[PDB]
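Chemist: Just so it is clear, I am handing over work05.csv, which has CSV, C-alpha atoms.
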```csv
chain,number,residue,atom,x,y,z
A,1,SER,CA,112.1,70.1,97.8
A,2,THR,CA,112.1,70.6,101.5
A,3,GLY,CA,111.9,73.4,104.1
A,4,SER,CA,112.9,73.7,107.7
A,5,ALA,CA,112.2,76.7,110.0
A,6,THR,CA,112.6,77.3,113.7
A,7,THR,CA,109.5,78.2,115.7
A,8,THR,CA,109.8,80.2,118.9
A,9,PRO,CA,107.5,80.8,121.8
A,10,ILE,CA,106.1,84.3,122.0
A,11,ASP,CA,106.4,84.5,125.8
A,12,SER,CA,107.6,82.6,128.9
A,13,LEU,CA,104.4,80.5,129.0
A,14,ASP,CA,104.5,79.1,125.4
A,15,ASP,CA,101.2,80.9,124.8
A,16,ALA,CA,101.9,80.5,121.1
A,17,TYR,CA,104.8,80.0,118.7
A,18,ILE,CA,106.0,82.2,115.8
A,19,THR,CA,107.8,81.2,112.7
A,20,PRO,CA,109.5,83.6,110.3
A,21,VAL,CA,107.9,83.6,106.8
A,22,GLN,CA,109.3,85.4,103.7
A,23,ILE,CA,106.6,87.1,101.6
A,24,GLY,CA,107.1,89.0,98.3
A,25,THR,CA,110.0,90.3,96.3
A,26,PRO,CA,112.2,91.6,97.8
A,27,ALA,CA,111.3,89.4,100.8
A,28,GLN,CA,109.2,90.9,103.6
A,29,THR,CA,109.7,88.7,106.7
A,30,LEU,CA,106.7,88.4,109.0
A,31,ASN,CA,106.4,86.1,112.1
A,32,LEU,CA,103.4,84.0,111.7
A,33,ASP,CA,101.5,81.6,114.0
A,34,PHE,CA,101.5,78.2,112.2
A,35,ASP,CA,98.0,76.8,112.9
A,36,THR,CA,97.1,73.2,112.0
A,37,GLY,CA,93.5,74.1,113.2
A,38,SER,CA,92.8,76.6,110.4
A,39,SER,CA,93.4,77.1,106.7
A,40,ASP,CA,94.0,80.8,105.9
A,41,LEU,CA,97.4,82.5,105.5
A,42,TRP,CA,96.6,86.0,106.6
A,43,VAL,CA,98.8,89.0,107.6
A,44,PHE,CA,98.8,92.4,109.2
A,45,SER,CA,99.3,94.7,106.2
A,46,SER,CA,99.5,98.3,104.9
A,47,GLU,CA,95.7,97.9,104.5
A,48,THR,CA,95.0,97.1,108.2
A,49,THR,CA,93.0,99.8,110.0
A,50,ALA,CA,95.7,101.9,111.6
A,51,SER,CA,94.2,101.9,115.1
A,52,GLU,CA,94.3,98.1,115.0
A,53,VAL,CA,98.0,97.8,114.5
A,54,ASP,CA,100.2,98.1,117.6
A,55,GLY,CA,103.7,96.9,116.9
A,56,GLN,CA,103.2,94.1,114.4
A,57,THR,CA,105.3,93.9,111.2
A,58,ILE,CA,103.1,94.5,108.2
A,59,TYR,CA,103.1,93.2,104.6
A,60,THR,CA,103.0,96.0,102.1
A,61,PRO,CA,101.9,94.4,98.7
A,62,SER,CA,102.7,97.6,96.8
A,63,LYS,CA,106.4,97.1,97.6
A,64,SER,CA,106.4,93.6,96.3
A,65,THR,CA,107.1,93.2,92.5
A,66,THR,CA,105.5,89.7,92.6
A,67,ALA,CA,102.3,90.7,94.4
A,68,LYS,CA,99.0,90.7,92.4
A,69,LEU,CA,95.6,91.6,93.7
A,70,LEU,CA,93.3,88.5,93.5
A,71,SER,CA,90.5,90.5,92.0
A,72,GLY,CA,87.1,90.3,93.9
A,73,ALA,CA,88.4,88.0,96.6
A,74,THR,CA,87.6,88.6,100.2
A,75,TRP,CA,88.0,86.6,103.4
A,76,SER,CA,86.7,86.6,106.9
A,77,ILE,CA,87.5,84.2,109.7
A,78,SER,CA,86.3,83.8,113.3
A,79,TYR,CA,88.3,81.5,115.6
A,80,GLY,CA,86.9,79.4,118.4
A,81,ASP,CA,88.2,81.8,121.0
A,82,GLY,CA,86.1,84.6,119.6
A,83,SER,CA,88.9,86.4,117.8
A,84,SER,CA,88.5,87.4,114.1
A,85,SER,CA,90.0,89.1,111.1
A,86,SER,CA,89.0,89.9,107.5
A,87,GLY,CA,90.2,91.6,104.4
A,88,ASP,CA,91.1,91.1,100.7
A,89,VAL,CA,93.6,88.9,99.0
A,90,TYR,CA,96.9,89.0,97.0
A,91,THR,CA,98.9,86.2,95.4
A,92,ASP,CA,102.6,86.4,96.0
A,93,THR,CA,105.7,84.3,96.6
A,94,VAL,CA,105.9,82.8,100.1
A,95,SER,CA,108.9,81.0,101.5
A,96,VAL,CA,109.2,79.0,104.7
A,97,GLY,CA,112.6,77.8,105.8
A,98,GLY,CA,113.9,77.7,102.2
A,99,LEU,CA,110.8,76.1,100.6
A,100,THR,CA,109.1,78.5,98.1
A,101,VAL,CA,105.6,78.6,96.8
A,102,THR,CA,104.7,81.0,94.0
A,103,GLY,CA,101.2,82.2,93.6
A,104,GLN,CA,100.3,81.7,97.3
A,105,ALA,CA,97.1,83.4,98.5
A,106,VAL,CA,98.2,86.0,101.0
A,107,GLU,CA,95.1,87.3,102.8
A,108,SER,CA,95.7,90.9,103.7
A,109,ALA,CA,93.8,92.1,106.9
A,110,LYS,CA,91.7,95.2,106.7
A,111,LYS,CA,90.3,94.5,110.2
A,112,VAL,CA,91.5,92.4,113.1
A,113,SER,CA,89.9,91.9,116.5
A,114,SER,CA,91.3,93.3,119.7
A,115,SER,CA,93.2,90.2,120.8
A,116,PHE,CA,95.2,90.3,117.6
A,117,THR,CA,96.0,94.1,118.0
A,118,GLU,CA,97.0,93.5,121.6
A,119,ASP,CA,99.6,90.8,120.6
A,120,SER,CA,102.5,92.6,119.1
A,121,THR,CA,104.5,89.4,118.5
A,122,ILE,CA,102.1,87.7,116.0
A,123,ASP,CA,102.1,89.2,112.5
A,124,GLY,CA,99.5,86.8,111.2
A,125,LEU,CA,98.6,83.2,110.8
A,126,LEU,CA,99.7,80.4,108.4
A,127,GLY,CA,96.9,77.8,108.3
A,128,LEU,CA,97.9,74.1,107.9
A,129,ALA,CA,94.5,72.4,108.2
A,130,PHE,CA,92.7,71.2,105.1
A,131,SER,CA,92.0,73.7,102.3
A,132,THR,CA,88.3,72.9,102.6
A,133,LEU,CA,88.2,75.3,105.6
A,134,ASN,CA,89.8,78.2,103.7
A,135,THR,CA,87.5,81.3,103.9
A,136,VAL,CA,88.4,83.1,100.7
A,137,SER,CA,85.3,83.9,98.6
A,138,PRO,CA,84.1,83.5,95.9
A,139,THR,CA,87.1,81.2,95.0
A,140,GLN,CA,88.4,79.2,97.9
A,141,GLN,CA,92.2,79.1,98.1
A,142,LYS,CA,94.8,76.5,99.0
A,143,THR,CA,97.0,76.4,102.0
A,144,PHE,CA,100.8,76.8,101.8
A,145,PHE,CA,101.2,73.0,102.4
A,146,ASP,CA,98.6,72.1,99.8
A,147,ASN,CA,100.4,74.3,97.2
A,148,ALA,CA,103.8,72.9,98.1
A,149,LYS,CA,102.8,69.3,98.5
A,150,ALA,CA,103.5,68.0,95.0
A,151,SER,CA,107.0,69.5,94.9
A,152,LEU,CA,108.0,68.1,98.3
A,153,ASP,CA,110.3,65.1,98.6
A,154,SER,CA,107.5,63.5,100.7
A,155,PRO,CA,104.0,65.0,101.2
A,156,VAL,CA,104.4,65.7,104.9
A,157,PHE,CA,105.2,68.3,107.4
A,158,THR,CA,106.3,67.9,111.0
A,159,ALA,CA,105.8,69.9,114.2
A,160,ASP,CA,108.4,69.7,116.9
A,161,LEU,CA,107.4,72.3,119.5
A,162,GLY,CA,109.6,73.1,122.4
A,163,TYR,CA,108.8,73.4,126.1
A,164,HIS,CA,109.9,76.9,127.1
A,165,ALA,CA,112.3,76.7,124.1
A,166,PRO,CA,112.4,77.0,120.3
A,167,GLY,CA,111.4,74.0,118.1
A,168,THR,CA,111.1,73.2,114.4
A,169,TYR,CA,108.6,72.9,111.5
A,170,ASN,CA,109.9,70.8,108.7
A,171,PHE,CA,108.3,70.4,105.3
A,172,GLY,CA,108.9,67.4,103.0
A,173,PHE,CA,111.0,65.1,105.2
A,174,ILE,CA,111.1,63.4,108.5
A,175,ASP,CA,114.1,64.2,110.6
A,176,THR,CA,114.9,60.8,112.1
A,177,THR,CA,117.3,62.4,114.6
A,178,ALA,CA,114.5,64.5,116.2
A,179,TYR,CA,112.7,61.8,118.1
A,180,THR,CA,113.3,58.7,120.1
A,181,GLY,CA,111.9,55.2,119.5
A,182,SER,CA,109.4,54.8,116.6
A,183,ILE,CA,106.6,56.9,115.2
A,184,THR,CA,103.1,55.5,115.7
A,185,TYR,CA,100.7,56.5,112.9
A,186,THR,CA,97.0,56.8,113.5
A,187,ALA,CA,94.0,57.4,111.2
A,188,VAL,CA,92.7,60.9,110.4
A,189,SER,CA,89.2,62.0,109.4
A,190,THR,CA,89.2,65.1,107.2
A,191,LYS,CA,85.4,65.4,107.3
A,192,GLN,CA,85.4,68.6,109.5
A,193,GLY,CA,88.5,70.0,107.7
A,194,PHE,CA,90.8,69.3,110.7
A,195,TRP,CA,93.6,66.8,111.5
A,196,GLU,CA,91.1,64.8,113.5
A,197,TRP,CA,92.1,61.5,115.1
A,198,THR,CA,91.1,59.3,118.0
A,199,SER,CA,93.4,58.8,121.0
A,200,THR,CA,93.2,55.4,122.7
A,201,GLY,CA,93.1,56.7,126.3
A,202,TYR,CA,94.9,58.4,129.1
A,203,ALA,CA,96.6,58.1,132.5
A,204,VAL,CA,97.2,60.6,135.3
A,205,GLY,CA,100.7,60.6,136.8
A,206,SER,CA,101.8,57.1,137.7
A,207,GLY,CA,98.2,55.8,137.6
A,208,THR,CA,96.8,53.0,135.5
A,209,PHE,CA,96.0,53.7,131.8
A,210,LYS,CA,92.3,54.1,131.0
A,211,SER,CA,91.4,52.7,127.6
A,212,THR,CA,88.8,55.0,126.1
A,213,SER,CA,88.4,56.6,122.6
A,214,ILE,CA,88.9,60.3,122.6
A,215,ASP,CA,88.2,62.0,119.3
A,216,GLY,CA,90.0,65.3,118.9
A,217,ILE,CA,92.1,67.6,116.7
A,218,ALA,CA,95.8,68.1,116.5
A,219,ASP,CA,95.9,71.9,116.6
A,220,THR,CA,99.2,73.8,116.9
A,221,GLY,CA,97.2,77.1,117.0
A,222,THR,CA,95.6,76.3,120.3
A,223,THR,CA,97.6,76.7,123.5
A,224,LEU,CA,96.1,74.2,125.8
A,225,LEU,CA,94.8,70.6,125.9
A,226,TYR,CA,91.0,70.4,125.9
A,227,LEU,CA,89.5,67.1,126.9
A,228,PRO,CA,86.2,65.7,128.1
A,229,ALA,CA,85.1,66.9,131.6
A,230,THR,CA,85.4,63.4,133.0
A,231,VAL,CA,89.1,63.1,132.0
A,232,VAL,CA,89.9,66.6,133.2
A,233,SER,CA,88.2,66.1,136.5
A,234,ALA,CA,90.2,62.9,137.0
A,235,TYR,CA,93.5,64.8,136.3
A,236,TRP,CA,92.8,67.8,138.6
A,237,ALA,CA,91.5,65.6,141.4
A,238,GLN,CA,95.1,64.6,141.9
A,239,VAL,CA,96.2,68.2,142.7
A,240,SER,CA,95.4,69.3,146.2
A,241,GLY,CA,93.4,72.5,146.1
A,242,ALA,CA,92.7,72.5,142.4
A,243,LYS,CA,89.2,73.5,141.4
A,244,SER,CA,87.2,74.7,138.4
A,245,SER,CA,86.6,78.5,138.6
A,246,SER,CA,83.7,80.0,136.6
A,247,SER,CA,85.1,83.5,137.2
A,248,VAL,CA,88.6,82.7,135.9
A,249,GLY,CA,87.2,80.4,133.2
A,250,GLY,CA,88.7,77.0,133.9
A,251,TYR,CA,90.6,74.9,136.3
A,252,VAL,CA,93.0,76.7,138.6
A,253,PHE,CA,95.5,75.3,141.1
A,254,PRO,CA,97.7,76.5,143.9
A,255,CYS,CA,101.0,77.8,142.4
A,256,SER,CA,102.8,75.9,145.2
A,257,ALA,CA,101.7,72.5,143.7
A,258,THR,CA,103.8,70.0,142.0
A,259,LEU,CA,101.7,68.8,139.0
A,260,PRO,CA,101.4,65.2,137.9
A,261,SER,CA,102.1,64.1,134.3
A,262,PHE,CA,99.4,63.3,131.9
A,263,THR,CA,99.7,60.4,129.4
A,264,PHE,CA,97.7,60.1,126.2
A,265,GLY,CA,97.4,57.0,123.9
A,266,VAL,CA,98.3,56.9,120.2
A,267,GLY,CA,97.3,53.4,119.2
A,268,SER,CA,99.3,51.1,121.6
A,269,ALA,CA,101.9,53.9,122.1
A,270,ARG,CA,101.9,56.5,124.9
A,271,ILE,CA,102.9,60.2,124.9
A,272,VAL,CA,103.8,61.5,128.4
A,273,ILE,CA,103.2,65.2,129.1
A,274,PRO,CA,105.3,66.2,132.1
A,275,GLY,CA,103.6,68.0,134.9
A,276,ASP,CA,105.5,71.2,134.3
A,277,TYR,CA,104.0,71.5,130.8
A,278,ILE,CA,100.6,71.9,132.4
A,279,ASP,CA,101.5,75.0,134.5
A,280,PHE,CA,100.3,78.3,132.8
A,281,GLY,CA,101.3,80.5,135.8
A,282,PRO,CA,99.5,83.0,137.9
A,283,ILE,CA,96.0,83.9,136.8
A,284,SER,CA,96.9,87.6,137.3
A,285,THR,CA,100.3,89.1,138.1
A,286,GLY,CA,101.3,88.2,141.7
A,287,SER,CA,98.5,85.7,142.3
A,288,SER,CA,99.2,82.4,144.0
A,289,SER,CA,96.4,80.8,141.9
A,290,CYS,CA,97.8,79.3,138.8
A,291,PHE,CA,96.0,78.4,135.5
A,292,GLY,CA,95.9,74.8,134.4
A,293,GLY,CA,97.0,73.6,131.0
A,294,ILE,CA,94.4,70.8,130.8
A,295,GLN,CA,90.9,72.2,130.5
A,296,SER,CA,87.4,70.9,129.7
A,297,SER,CA,86.2,70.8,126.1
A,298,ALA,CA,82.6,70.8,127.2
A,299,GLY,CA,80.9,73.6,125.2
A,300,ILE,CA,83.6,73.6,122.5
A,301,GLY,CA,82.1,70.7,120.7
A,302,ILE,CA,85.4,69.0,120.0
A,303,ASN,CA,88.4,67.9,121.9
A,304,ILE,CA,91.6,69.7,121.1
A,305,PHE,CA,95.2,68.4,121.3
A,306,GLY,CA,96.8,71.8,121.5
A,307,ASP,CA,100.3,72.8,122.2
A,308,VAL,CA,100.4,71.4,125.7
A,309,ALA,CA,100.0,67.9,124.2
A,310,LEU,CA,101.8,68.4,120.9
A,311,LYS,CA,105.0,69.8,122.4
A,312,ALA,CA,105.5,66.5,124.3
A,313,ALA,CA,105.8,64.7,120.9
A,314,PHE,CA,107.4,64.8,117.5
A,315,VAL,CA,104.3,65.0,115.3
A,316,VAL,CA,104.0,64.0,111.6
A,317,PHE,CA,101.2,65.6,109.5
A,318,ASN,CA,101.1,63.1,106.7
A,319,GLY,CA,99.3,64.6,103.7
A,320,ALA,CA,99.4,61.5,101.5
A,321,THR,CA,96.2,60.7,99.5
A,322,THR,CA,94.8,59.2,102.7
A,323,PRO,CA,96.1,61.5,105.4
A,324,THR,CA,97.4,60.2,108.7
A,325,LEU,CA,99.0,61.5,111.9
A,326,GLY,CA,102.2,60.2,113.5
A,327,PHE,CA,103.4,60.7,117.1
A,328,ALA,CA,106.8,59.9,118.6
A,329,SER,CA,108.3,60.6,122.0
A,330,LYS,CA,111.4,62.8,122.0
```
What's the structure tokens form of this structure?
Modeler:
Amino acid sequence: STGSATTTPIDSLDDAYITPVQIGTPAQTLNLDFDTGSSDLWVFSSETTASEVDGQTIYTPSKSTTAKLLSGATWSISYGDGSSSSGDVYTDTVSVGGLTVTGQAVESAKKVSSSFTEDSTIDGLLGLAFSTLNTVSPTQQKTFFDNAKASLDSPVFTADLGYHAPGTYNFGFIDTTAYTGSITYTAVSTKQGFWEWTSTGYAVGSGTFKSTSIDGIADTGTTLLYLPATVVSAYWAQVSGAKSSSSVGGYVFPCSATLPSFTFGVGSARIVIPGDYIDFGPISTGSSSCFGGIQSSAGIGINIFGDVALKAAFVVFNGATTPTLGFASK
């Protein structure tokens, strides 16, 4: 089997992407944030504290003839950015782009933190990291991909995120029309539960390539590109007036700037992030200070190849017995 679904930016900055997901019988369609950095499929629901729902579409398990309470199971997750959610668990039928999993754990939120409430466009998350990170207790549950894998034509999914435009998540096949050149594959460590890999270096604009190993995660659920402070300083030094602002929480730059590109290495191959992808707009409405899309990972504990990086590539998440990651230009 295969599946193919369009993923759409939630706003004009590509702060996140949402993908429609069918849950239950009859189908209830929710728009979920596909997150290769976590492993829980959780949704706003009829059980979510009423004051914490503000415009999201909810899953109502009592209206699904295929929903079953997973008795005794609870979940609770806290993301790196400080947001969180928790609740109980149902199993139900879940379909993405025509690919169907029966008996998928659907984690129903009883509580969500303020940032979730405040974002009316995201109805929940669909985790695509390794199932070892799944938070369901006392019986850990499998991700949608893990459950689908054996049925898929090939045990892979691909992320093709758009810049200020829709893109595609495919399951079970590689669309050879969706990228240019060849796909370069690189090793993955699953030791921390992430799609963790090592970039071979970087360049800033038309500058020379610096060969250096950068360990990090391929994380569709993180907006920005977070790299070591040395790398980030080298990038922003090429933008007149750019500076790190403790009050704003990262590098800012004059909105009048033209940003240089940033290149990262994948083996001997190179992925070029155009400068415009690195612009996240005014820090507050009407400001002429703009927020940068490349930020320091110092104090995160890991480097993160988030959407800014991934949207410059066609990315293969290869879930073979020994997982790997593939990157192509597009």
Chemist: Using all atoms listed in the file, collect all residues at a distance of at most 9 Å from (87.0, 91.6, 109.9) as written in the file, then present them as a PDB file with C-alpha atoms, in the coordinates of the input.
Modeler:
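Writing the result to out-v7.pdb gives the following:
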```pdb
ATOM      1  CA  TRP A  75      88.000  86.600 103.400  1.00  0.00           C
ATOM      2  CA  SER A  76      86.700  86.600 106.900  1.00  0.00           C
ATOM      3  CA  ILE A  77      87.500  84.200 109.700  1.00  0.00           C
ATOM      4  CA  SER A  78      86.300  83.800 113.300  1.00  0.00           C
ATOM      5  CA  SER A  84      88.500  87.400 114.100  1.00  0.00           C
ATOM      6  CA  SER A  85      90.000  89.100 111.100  1.00  0.00           C
ATOM      7  CA  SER A  86      89.000  89.900 107.500  1.00  0.00           C
ATOM      8  CA  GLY A  87      90.200  91.600 104.400  1.00  0.00           C
ATOM      9  CA  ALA A 109      93.800  92.100 106.900  1.00  0.00           C
ATOM     10  CA  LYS A 110      91.700  95.200 106.700  1.00  0.00           C
ATOM     11  CA  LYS A 111      90.300  94.500 110.200  1.00  0.00           C
ATOM     12  CA  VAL A 112      91.500  92.400 113.100  1.00  0.00           C
ATOM     13  CA  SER A 113      89.900  91.900 116.500  1.00  0.00           C
TER      14      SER A 113
END
```
Chemist: Using all atoms listed in the file, can you tell me which of A:21, A:266, A:5, A:129 comes closest to residue 212 in chain A?
Modeler: A:266
Chemist: At what distance in Å, to one decimal, does CA of residue 32 in chain A lie from CA of residue 264 in chain A?
Modeler: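 Separating CA of residue 264 in chain A from CA of residue 32 in chain A is a distance of 28.5 Å.
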Chemist: Quick one: of A:125, A:133, A:315, A:99, who's nearest to residue 149 in chain A, counting all atoms listed in the file?
Modeler: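 Distance minimum relative to residue 149 in chain A lands on A:99.
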Chemist: Mind giving me the straight-line distance from CA of residue 82 in chain A to CA of residue 16 in chain A in Å, one decimal?
Modeler: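 If I compute the distance from CA of residue 82 in chain A to CA of residue 16 in chain A, I get 16.4 Å.
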Chemist: So that I can check the surroundings of range 55-59 of chain A, please list as a PyMOL selection string every protein, DNA and RNA residue that reaches within 7 Å of it, counting all atoms listed in the file and ignoring chain neighbours fewer than 4 positions away.
Modeler: chain A and resi 28+30+43-46+120-123
Chemist: Ranking A:230, A:7, A:60, A:168 by minimum distance to residue 296 in chain A and counting only C-alpha atoms, which one comes first?
Modeler: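 Closest residue, counting only C-alpha atoms: A:230.
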Chemist: Kindly give the distance, in Å, that separates CA of residue 139 in chain A and CA of residue 187 in chain A, rounded to a single decimal.
Modeler: 29.6 Å
Chemist: Hey, could you patch up range 229-240 of chain A with N, CA and C atoms and hand it over as an mmCIF file, keeping the file's coordinate frame?
Modeler:
```
data_model
loop_
_atom_site.group_PDB
_atom_site.id
_atom_site.type_symbol
_atom_site.label_atom_id
_atom_site.label_comp_id
_atom_site.auth_asym_id
_atom_site.auth_seq_id
_atom_site.Cartn_x
_atom_site.Cartn_y
_atom_site.Cartn_z
ATOM 1 N N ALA A 229 85.121 66.446 130.167
ATOM 2 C CA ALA A 229 85.100 66.900 131.600
ATOM 3 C C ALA A 229 85.443 65.753 132.526
ATOM 4 N N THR A 230 85.076 64.521 132.193
ATOM 5 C CA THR A 230 85.400 63.400 133.000
ATOM 6 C C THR A 230 86.923 63.206 133.167
ATOM 7 N N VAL A 231 87.625 63.288 132.045
ATOM 8 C CA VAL A 231 89.100 63.100 132.000
ATOM 9 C C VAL A 231 89.757 64.244 132.770
ATOM 10 N N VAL A 232 89.298 65.470 132.540
ATOM 11 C CA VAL A 232 89.900 66.600 133.200
ATOM 12 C C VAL A 232 89.689 66.634 134.668
ATOM 13 N N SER A 233 88.507 66.216 135.117
ATOM 14 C CA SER A 233 88.200 66.100 136.500
ATOM 15 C C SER A 233 89.150 65.068 137.184
ATOM 16 N N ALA A 234 89.343 63.939 136.506
ATOM 17 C CA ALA A 234 90.200 62.900 137.000
ATOM 18 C C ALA A 234 91.676 63.419 137.177
ATOM 19 N N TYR A 235 92.125 64.242 136.241
ATOM 20 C CA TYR A 235 93.500 64.800 136.300
ATOM 21 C C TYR A 235 93.535 65.782 137.561
ATOM 22 N N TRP A 236 92.655 66.772 137.626
ATOM 23 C CA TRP A 236 92.800 67.800 138.600
ATOM 24 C C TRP A 236 92.466 67.317 140.052
ATOM 25 N N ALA A 237 91.737 66.212 140.152
ATOM 26 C CA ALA A 237 91.500 65.600 141.400
ATOM 27 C C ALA A 237 92.785 65.146 142.119
ATOM 28 N N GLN A 238 93.857 64.980 141.342
ATOM 29 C CA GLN A 238 95.100 64.600 141.900
ATOM 30 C C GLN A 238 96.016 65.743 142.334
ATOM 31 N N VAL A 239 95.485 66.962 142.255
ATOM 32 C CA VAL A 239 96.200 68.200 142.700
ATOM 33 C C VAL A 239 95.472 68.806 143.822
ATOM 34 N N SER A 240 96.084 68.810 145.003
ATOM 35 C CA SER A 240 95.400 69.300 146.200
ATOM 36 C C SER A 240 95.096 70.819 145.991
#
```
